[PDB]
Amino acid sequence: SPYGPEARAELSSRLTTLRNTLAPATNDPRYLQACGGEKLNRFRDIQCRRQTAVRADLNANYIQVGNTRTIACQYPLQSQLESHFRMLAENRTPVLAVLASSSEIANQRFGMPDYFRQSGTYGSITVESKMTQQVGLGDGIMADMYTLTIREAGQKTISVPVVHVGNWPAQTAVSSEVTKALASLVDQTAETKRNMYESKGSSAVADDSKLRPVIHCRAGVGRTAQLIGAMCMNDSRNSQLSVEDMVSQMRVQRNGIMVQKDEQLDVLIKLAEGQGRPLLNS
């Protein structure tokens, strides 16, 4: 059985060993380190792959599942904000998927600045949050969208489409139905903006590491990984890409925690099933 419990068990199995072998060790060469002082990882057990690191001072990586390339990162710390904004800008960010909950954000204890819903200045950078549309995704899950405008002297103004999912509690998985609706919208959005830079004759088209959708929850590995996997199978070029690959790739590109929970794997496993996509690798 392709999706038989034995099958699923072998997957989780391989995936477990991988999560284990990828666990960051003190001063792990495979991961980006905190520069003499300032905390770099929101969670000091959920680190960033140095190989793929986007910025020397951000827990964020360049991930490529098959032909699908994006950027997964943690929720920026107060300090990271400026460099965060800098990245999204340079990346010519086509879409910014934020899967962390409004509950998590409002929670000052959590150190998650409402960096994208409100307008503010973070140094030489001034941000304008423009709330655009709201779209239900099912099960009562909502997609709140804003247009982030990053302005900076000498730098090019760059508005970034933002897709926020408020009611997606952390450490959980949403209806494969929902999970699916979202991927589409996230892709939809990224498509519209991307096409705009293409039309404007932009140059971030030639550069591969650019025009990358950015996704992140809090630690950028659970809810985030789910979306990515979702967005992956949603790319009509990843034919034959296994679930095994999706998870084993994201984890080598960011950290072994990718696809944190099980109910998260399950969804991907379910989305993959309906597509007749292989779970394990032969």
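The first residue of the sequence shown is number 1, and the count goes up from there.
When the mean C-alpha temperature factors of 223 to 231 and 32 to 40 are read from the deposited coordinates, 32 to 40 comes out higher. Taking the PDB entry as given, 168 to 176 carries the higher mean Cα B factor of the two stretches 154 to 162 and 168 to 176. When the C-alpha B factors of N195, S101, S209, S184 are read from the deposited coordinates, the top value falls at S209.
Which of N255, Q64, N59, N238 has the largest Cα B-factor in the deposited entry comes down to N238. When the CA B factors of the chain's modelled residues are split into thirds, the value for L96 lands in the lowest one. In the deposited entry, the Cα temperature factor of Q47 places it in the lowest third of its chain's modelled residues.
For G123, the recorded CA temperature factor ranks within the highest third of the chain's modelled residues. Remark: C73 belongs to the lowest third of its chain, ranked by C-alpha B-factor as recorded. The entry lists a Cα temperature factor for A106 that places it in the middle third of the chain's modelled residues.
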